[PDB]
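Contents: one structure, followed by commentary.
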Amino acid sequence: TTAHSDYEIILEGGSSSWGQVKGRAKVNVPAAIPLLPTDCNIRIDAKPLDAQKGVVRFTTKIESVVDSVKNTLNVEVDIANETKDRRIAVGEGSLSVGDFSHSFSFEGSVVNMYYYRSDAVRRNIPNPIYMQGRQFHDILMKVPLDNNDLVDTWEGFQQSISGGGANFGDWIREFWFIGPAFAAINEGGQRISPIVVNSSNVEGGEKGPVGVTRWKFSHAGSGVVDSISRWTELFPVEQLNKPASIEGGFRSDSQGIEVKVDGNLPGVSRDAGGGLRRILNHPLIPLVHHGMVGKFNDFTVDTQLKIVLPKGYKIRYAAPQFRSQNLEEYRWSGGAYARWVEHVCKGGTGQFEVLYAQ
Amino acid sequence: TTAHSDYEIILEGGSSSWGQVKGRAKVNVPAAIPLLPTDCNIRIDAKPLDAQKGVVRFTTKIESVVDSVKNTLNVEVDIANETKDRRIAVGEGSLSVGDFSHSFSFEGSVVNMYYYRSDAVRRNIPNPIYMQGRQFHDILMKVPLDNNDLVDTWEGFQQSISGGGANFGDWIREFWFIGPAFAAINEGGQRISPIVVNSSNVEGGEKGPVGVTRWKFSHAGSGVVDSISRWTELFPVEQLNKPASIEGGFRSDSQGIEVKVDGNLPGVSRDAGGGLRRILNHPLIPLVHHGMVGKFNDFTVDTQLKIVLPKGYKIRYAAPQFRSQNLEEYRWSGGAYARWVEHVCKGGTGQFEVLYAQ
Amino acid sequence: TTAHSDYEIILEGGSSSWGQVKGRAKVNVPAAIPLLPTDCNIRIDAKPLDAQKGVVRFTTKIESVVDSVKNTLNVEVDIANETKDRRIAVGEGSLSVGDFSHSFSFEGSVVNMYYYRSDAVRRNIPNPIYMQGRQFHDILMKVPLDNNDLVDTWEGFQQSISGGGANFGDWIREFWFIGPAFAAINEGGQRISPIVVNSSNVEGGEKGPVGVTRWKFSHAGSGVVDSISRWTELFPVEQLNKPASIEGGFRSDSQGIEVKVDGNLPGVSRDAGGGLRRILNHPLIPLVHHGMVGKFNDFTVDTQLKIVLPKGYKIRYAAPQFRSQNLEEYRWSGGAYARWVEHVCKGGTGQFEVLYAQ
Ligand code: BCL
Ligand code: BCL
Ligand code: BCL
Ligand code: BCL
Ligand code: BCL
Ligand code: BCL
Ligand code: BCL
Ligand code: BCL
Ligand code: BCL
């Protein structure tokens with residue numbers, strides 16, 4: 001069993017954090033999904049809407065097929081920071097599964113709060129990783145009740161909310177995090193609070209009744225959860241001077257997995273201090289979560305990484321070390337790098353640092 | 001290190017869901033039990049008691065030896081559905097450990113509740129897997145206090161129940177799910193509620209004092225928990241027109257594991273719609289749980305599966321595909337099937353579907 | 001990828017439980033730490049202070065370097081049993097990270113409580129492993145507020161304690177168990193209670209203000225947690241007739257891990273009943289926890305174990321069996337022992353029992 005993969009990063013220079021990213025992998029092992037074949041495509045686009053205010057138009061299109069059933073999700077959302085801790089979003093979208101579909105619109109705010117930050121930590125740790133915190137969501141959402149399936153589900157939830165007392169917001173968590181999603185919460189050192197429902201009402205919309213709910217929850221992390229530890233970094237609106245996009249797809253069945261990713265986006269490199277830059281620290285959640293599925297078959301690694309620096313730049317530090325260099329082009333394969341690839345595919349979070357400069 | 005295994009399924013035809021199942025495995029790796037050697041035999045029998053009412057007499061006999069200590073458990077229980085959601089049980093049994101034994105009798109009800117089921121899901125998903133829900137237990141149990149060990153433990157629990165307040169039903173969970181059982185709860189996306197004790201009293205039985213307790217708990221699942229997702233299917237009383245039975249045993253120590261299973265029971269095949277039948281979907285809990293121990297030693301797979309269909313039937317779909325066919329007899333070995341066997345032994349839940357018809 | 005390791009145990013005879021322990025390992029795989037290189041040294045010393053009262057002076061010195069930042073911790077503590085269930089400690093120490101340091105002093109009590117112990121278990125199980133219980137901590141600690149970082153953090157916590165209500169003692173847990181420590185709690189069948197703060201005040205110390213807090217928590221275990229299951233055994237004060245010490249260090253980076261351990265301490269052997277002695281049962285937590293990192297790279301085992309018995313003693317039982325014997329010296333390598341080493345490095349808890357006698 002051989003895992004074949006290839007990765008490529010092409011960096012912009014100057015004050016830019018942008019890079020082009022490409023990833024390909026193929027491995028002839030069964031996927032762990034208990035319905036196969038399963039295929040999926042995703043595209044995400046972000047464009048500056050109002051750069052003066054810092055408003056970003058963010059879209060996502062997801063299409064999948066699971067055991068022959070076609071699913072889609074489309075969301076269009078306007079996102080902006082109000083403060084360094086508070087972010088707001090306004091959007092709309094739709095979903096479909098087979099012959100069924102429904103739409104939605106929403107307004108929400110998210111507030112990120114770090115627990116007990118200190119100057120003594122900040123000035124002594126040059127590259128901090130684990131930052132603990134809690135993140136509060138406040139959501140208003142509206143869904144037209146425009147078929148009888150929607151009406152039935154609306155009524156079912158009204159009954160539970162009215163009658164279930166404290167149980168409703170507690171027990172909803174095993175409904176929400178379906179299948180193996182529930183176990184993955186603790187695996188990443190994450191916590192999900194009970195849900196609080198502030199109001200749930202039917203409003204008279206233009207084309208009929210609309211189910212309107214305002215609700216809240218928080219989630220917390222011990223530092224592995226990048227959504228909290230890296231709140232600001234994960235939304236690089238200041239560097240979005242042009243549209244960014246990423247596209248990915250996979251095909252899987254009982255005899256293999258194939259995946260492609262292609263993107264162009266800011267945030268791929270970061271200032272590392274003292275004139276040096278680094279490839280951004282690897283986010284941890286993806287490694288930890290994928291780690292829950294990456295140990296089911298033995299494999300050997302056939303993997304190359306190519307990094308193309310801006311003209312005139314040079315790698316100052318890399319561990320594992322690159323295998324070859326041709327001017328600004330650097331390549332990793334085999335040896336220590338292959339062992340690192342095996343490690344992260346199985347859930348390991350060992351650091352691979354790349355530092356570069358002029 | 002080679003894992004040798006063999007599985008065989010022989011199906012009944014017509015409207016029958018019955019099959020004979022045989023499994024053998026031998027692998028020369030240490031078991032994970034921190035006391036070795038450990039051996040165990042189990043037999044389960046079910047026979048129709050009152051088919052008109054749908055009452056089943058269910059017995060279980062377990063015998064084990066752990067670090068030279070002999071344990072037994074015998075239970076005889078009458079089980080029936082009252083409704084599609086509520087099931088009742090009345091039974092008695094005994095247990096022994098070394099020189100100690102005690103008996104018990106009980107009456108209980110279990111109510112299964114799915115969370116928010118919908119017509120839009122039902123009509124669009126041809127083979128649903130994850131179904132979230134919660135399952136309520138109501139138990140009355142009676143144990144004769146007929147030696148001083150029983151009396152001592154009774155008193156210890158009375159103290160905790162009386163004095164412990166809300167702590168008792170909370171903290172009992174780490175007592176109940178001894179050793180690695182506690183960690184396995186979250187692993188399967190399962191939740192166990194605190195216990196509620198309604199009453200605990202000494203009654204005057206025929207041959208002396210009897211400790212009588214009525215207590216309740218619920219457990220919930222995000223869909224991996226088959227006890228909830230597949231509540232009806234897991235008790236195929238309608239197909240029990242004759243006695244069913246299964247027998248299994250293992251021997252384990254620090255240099256190997258050997259296991260045998262032999263059974264004859266309904267529910268091995270299921271209607272898949274449109275004239276097709278399938279081997280029942282693989283239950284998930286066993287894979288997930290065994291997965292917690294299946295990754296401690298590298299192994300290669302030496303494994304065959306034989307499925308014998310009823311005369312005149314043919315496989316319509318199988319993935320991974322069978323290696324050979326001789327009329328109604330189909331065999332799997334090597335290649336993609338061997339990779340699938342490795343996958344599920346390590347905790348993977350990738351679908352292996354077998355569809356057959358006339 | 002080959003893991004090279006060597007272990008050695010040299011036992012004292014007579015009524016002594018003492019042994020010398022040596023361990024070496026080197027493996028060329030990346031460590032999982034998301035900051036590398038990381039190096040660490042630890043020394044622990046225990047000496048009898050007041051043998052008549054059973055007071056032990058316990059010190060620990062830890063020095064580490066993480067991504068070039070130097071950290072230290074020094075603690076000196078006087079420990080004694082008050083009863084078989086209650087232990088007290090009084091100590092002081094300091095820590096430093098880069099340019100920052102702070103000191104502390106504390107007094108604490110810990111009470112271990114087993115859940116529902118029974119005579120029927122005790123007399124029938126010759127070597128019990130899983131013992132469920134809960135362990136209560138009561139801590140008074142004092143920290144001089146002698147720089148502005150300390151003052152700032154003090155104020156931050158005062159705000160949370162005053163304003164946070166029940167949330168403070170709940171949410172502190174994901175702060176406390178930073179990074180992957182949080183996930184490891186459930187993995188070992190462990191539970192940590194919310195913290196209760198009894199008082200938090202500034203006192204006027206000799207050299208300025210001192211932050212004084214009294215707080216409580218408990219932790220519980222289903223039996224894997226050795227701190228609870230083996231409470232008495234883990235503090236063998238009765239056998240400490242001379243100083244004991246252990247020293248360990250590791251070096252790790254993205255291309256390997258190297259580790260050394262050297263110690264001399266009581267508790268290495270134990271009475272097994274009927275004139276036999278055993279090497280102490282393997283503690284489980286270390287195996288379970290290390291197990292969370294031991295599955296990220298395939299490896300083969302190159303490992304030897306040497307046990308040197310007291311003169312005239314002989315091994316009565318060992319499984320896996322030793323490979324060779326030269327009078328009192330016994331050696332394990334390859335075969336079943338190598339498979340056992342692989343097993344425990346990956347998180348397995350299979351028993352390796354060694355029994356010896358005259
Ligand atoms: C994932 C970890 C956390 C979490 C972390 C965050 C973070 C972090 C943010 C939000 C924000 C939002 N969250 Mg939240 N959120 C969680 C769970 C939820 C749930 C739920 C029922 O589970 C809901 C209803 C919401 C609701 C919301 C909205 C109020 C808001 C915008 C969502 C959106 O546009 O999605 C549409 C997007 C998708 C459907 C797909 C997103 C897929 C992943 C996450 C994209 C990763 C980036 C990818 C690697 C790079 C893209 C580059 C492109 C070139 C641009 N969150 C979980 C528990 N949430 C954002 C906001 O603006 O708040 C005001 C925000 O900043
Ligand atoms: C509503 C969602 C949130 C949000 C949540 C997150 C989270 C959470 C993370 C990021 C991360 C990143 N985000 Mg952000 N992000 C948002 C908006 C943006 C915008 C923008 C201006 O709108 C931009 C340009 C970015 C850019 C970036 C990068 C700095 C970084 C990914 C680096 C990389 O190499 O990716 C290269 C990409 C790949 C190698 C793989 C891409 C795979 C596919 C195509 C996308 C991810 C799918 C995901 C795994 C599954 C989604 C399931 C949902 C149910 C749909 N985000 C909004 C506000 N973003 C990650 C990071 O490292 O942060 C420090 C991270 O963990
Ligand atoms: C199993 C493989 C590992 C993995 C293995 C590696 C390896 C090996 C390397 C990197 C490298 C990098 N990875 Mg990584 N990486 C993973 C997941 C992520 C995610 C993420 C949101 O999931 C992000 C933001 C990143 C980010 C990054 C950058 C820090 C860095 C440069 C980009 C690159 O080479 O990408 C390469 C692109 C990929 C590996 C593709 C990952 C696609 C993931 C699995 C998501 C697929 C989503 C799917 C198409 C749609 C899901 C839809 C839902 C089902 C609804 N990785 C997965 C979990 N990554 C490189 C590096 O460190 O350079 C210094 C490097 O050498
Ligand atoms: C296992 C997952 C759930 C669970 C799921 C279920 C399900 C599902 C059912 C019950 C039912 C019962 N449960 Mg419950 N139950 C759990 C934990 C408990 C605990 C406890 C202290 O942990 C108790 C006291 C009970 C108590 C009870 C009784 C009230 C009742 C009958 C039990 C019995 O006869 O057992 C005697 C049986 C055994 C000792 C061994 C059973 C071994 C396994 C489970 C058998 C699997 C089937 C095997 C693969 C195929 C057999 C084929 C044969 C040919 C017949 N449950 C856990 C949390 N429970 C049943 C009932 O009738 O309720 C009214 C029922 O339908
Ligand atoms: C009190 C227990 C509950 C109960 C709980 C469960 C649970 C829970 C499950 C089943 C499952 C099944 N049960 Mg039921 N089941 C009960 C009563 C019955 C009766 C009956 C008429 O009395 C019958 C005929 C069945 C029949 C069946 C099958 C439809 C199915 C197993 C298929 C298979 O291939 O097994 C072939 C068997 C094997 C390959 C392995 C057999 C191994 C040993 C011999 C038995 C299991 C031991 C178990 C792992 C450990 C027990 C530990 C306890 C502490 C004692 N059950 C009662 C009401 N049953 C499973 C399923 O798939 O459901 C959809 C499942 O997960
Ligand atoms: C580690 C191995 C995996 C496993 C690997 C496989 C493989 C490989 C195949 C199946 C197949 C099947 N398995 Mg499976 N299966 C497991 C456990 C289960 C359990 C269960 C209750 O534990 C059930 C109901 C099933 C059910 C089924 C059917 C869906 C299907 C046809 C029967 C068969 O071939 O059985 C074969 C019988 C076994 C594998 C024996 C399993 C015995 C388990 C581990 C329980 C032993 C209990 C022990 C003796 C007593 C415990 C006592 C307590 C300690 C008190 N499996 C374990 C966890 N299973 C086949 C299939 O998909 O056909 C289409 C197939 O090819
Ligand atoms: C680790 C599992 C449990 C736990 C289990 C125990 C046990 C068991 C005991 C204590 C005891 C104490 N605990 Mg506690 N304790 C935990 C978490 C905590 C936390 C915290 C913020 O997390 C705090 C503040 C405390 C506080 C305290 C003190 C009141 C007291 C003495 C500590 C000390 O001297 O440490 C200084 C020591 C260190 C900094 C390093 C210790 C490293 C490991 C644990 C040493 C293992 C032994 C090694 C293998 C063999 C050494 C041989 C040498 C030759 C001597 N515990 C966790 C949850 N705690 C002890 C006591 O005397 O109570 C009155 C005691 O007996
Ligand atoms: C405050 C801490 C507690 C305490 C908590 C524990 C815990 C918890 C455990 C022990 C264990 C043991 N302890 Mg004690 N122990 C204390 C005081 C003592 C004293 C004493 C007279 O002061 C002595 C002589 C001992 C002796 C012993 C042995 C009986 C046994 C280890 C056997 C072995 O082979 O180790 C040989 C050692 C090695 C092979 C590895 C040594 C590695 C390094 C050098 C030390 C451990 C570091 C640890 C992994 C990480 C610490 C992280 C902290 C954040 C600093 N402890 C105090 C009271 N002790 C263990 C056991 O098996 O108990 C049954 C165990 O799990
Ligand atoms: C990954 C390897 C496994 C492991 C694999 C083995 C193997 C294999 C054998 C033993 C054996 C034994 N082990 Mg062990 N053992 C582990 C951890 C422990 C710990 C502990 C507190 O962590 C203890 C008390 C013990 C105790 C014991 C005795 C029961 C027994 C005889 C001593 C010996 O040979 O030591 C050998 C010494 C070691 C294996 C070194 C372990 C060092 C651990 C990993 C801690 C390092 C701490 C580090 C230096 C500092 C951390 C600082 C913090 C980051 C702040 N092991 C780790 C997790 N152990 C032998 C036995 O069973 O004889 C009958 C045997 O053959």
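To find a chain, count down the sequence lines: A is the first, B the second, and so on, and within it residues start at 1. Only this structure's heavy atoms are used, side chains among them; waters, hydrogens and symmetry mates stay out.
Taking the side chain to side chain donor-acceptor pair (under 3.5 Å) definition, one finds that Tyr116(A) meets it with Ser160(C), sequence neighbours left out. With sequence neighbours excluded, the residues satisfying side chain to side chain donor-acceptor pair (under 3.5 Å) with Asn112(C) are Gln135(C). With sequence neighbours left out, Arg117(A) forms a side chain to side chain donor-acceptor pair (under 3.5 Å) with no residue at all.
In summary, the side chains of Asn41(C) and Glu63(C) do not present any donor paired with an acceptor at a separation below 3.5 Å, with no hydrogens or angles considered.
Judged by distance alone, with hydrogens and angles left aside, the side-chain atoms of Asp226(A) form a donor-acceptor pair with the main-chain N or O of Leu284(A) at under 3.5 Å. Using modelled atom types, one side-chain atom of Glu342(C) and one backbone atom of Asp298(B) make a donor-acceptor pair closer than 3.5 Å. Side chain of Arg230(C) to backbone of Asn281(C): a donor-acceptor contact under 3.5 angstrom is found. In this structure, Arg316(A) contributes its side chain and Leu276(A) its backbone to no donor-acceptor pair below 3.5 Å. Here the side chain of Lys295(A) pairs a donor or acceptor atom with the backbone of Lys346(A) at under 3.5 angstrom.
Ring pair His102(C)/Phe104(C) is perpendicular by interplanar angle, where above 60° counts as perpendicular and below 30° as parallel. The aromatic rings of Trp340(C) and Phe352(C) lie perpendicular to each other, with more than 60° between the two planes, well past the 30° mark.
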Step by step, would you call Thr303(C) with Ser5(C) a side chain to side chain donor-acceptor pair (under 3.5 Å)?
-> CA-CA 5 Å; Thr303(C) 292; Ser5(C) 63; 2.5 Å; yes
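Each of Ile10(C), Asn241(C), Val268(C) was compared with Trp18(C) under the side chain to side chain contact (heavy atoms under 4.5 Å, CB included) criterion, and only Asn241(C) meets it.
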